[PDB]
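In: Need a 3D model of the sequence below.
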Amino acid sequence: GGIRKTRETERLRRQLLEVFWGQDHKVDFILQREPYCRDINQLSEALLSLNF
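Out: Numbering: from 1, shown residues only. Next comes the structure:
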């Protein structure tokens, strides 16, 4: 299983489609929210992608 993971979200951003990290408002929103999983998503992808 797995269902909710960081990899799928970033995957939107990396090559795949808008999963967590991508969903409508949720896309950058994931980290700007309260949950830890979402936090990692923009934190890891949006922060690394924007700087690099």
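
In: From residue 42, how far out is the nearest residue to residue 46 once chain neighbours are set aside?
Out: Nearest residue to residue 46, sequence neighbours excluded (CB to CB, 6 or more residues apart in numbering): residue 28, at 5.6 Å. Where C-beta positions appear, they are placed from N, C-alpha and C, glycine not excepted. Look at residue 28 and residue 42: by CB to CB, to the nearest Å, they are 5 Å apart.

In: Which one's more surrounded, these two?
Out: More neighbours surround residue 42 than the other of residue 28 and residue 42, with 25 against 15 (other CB atoms under 10 Å).

In: my read: that one touches residue 35, true?
Out: No - Residue 42 is beyond contact range of residue 35, at 11.9 Å (criterion: CB atoms under 8 Å).

In: how about stretch 41-52: buried residues?
Out: 41-42, 44-46 (16 or more other CB atoms under 10 Å).

In: Which parts of the chain are helices?
Out: 6-14, 26-32, 36-41, 47-51 (DSSP state H).
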